[PDB]
């Protein structure tokens, strides 16, 4: 799969359930107009294929402000990492290297 094909979160309950139901998770908070978030799309696709044990999803901050707020997302892209039922990390910015390091540590 790819950036284009992953689930795009639109609901809070869905978001909360996702944290509870996935052992390893990454959420890509983005904006359609943000250049840096756009730049990370190819990278995410590579990461999705590279780390099949991790669930990757995305959320449009403009479309779902409630979700973004819940994660205190002020800047994009923000990648929120979750492990064993809870959120445990953030990589803020289009840094593919930092993002992969974070994913590897899950």
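Residue numbers count along the first chain shown, from 1.
The stretch 36-44 shows the higher mean C-alpha B-factor when 75-83 is compared against 36-44 in the entry.
Residue 9: CA B factor in the highest third of modelled residues in this chain (values from the PDB entry). In the PDB entry, a CA B factor belonging to the middle third of its chain's modelled residues is recorded for residue 70. Sort the modelled residues of the chain by CA B factor and residue 63 lands in the middle third.
Among all modelled residues in this chain, the alpha-carbon of residue 90 has a temperature factor (C-alpha) in the lowest third. Split the chain's modelled residues into thirds by C-alpha temperature factor. Residue 50 is in the highest one.
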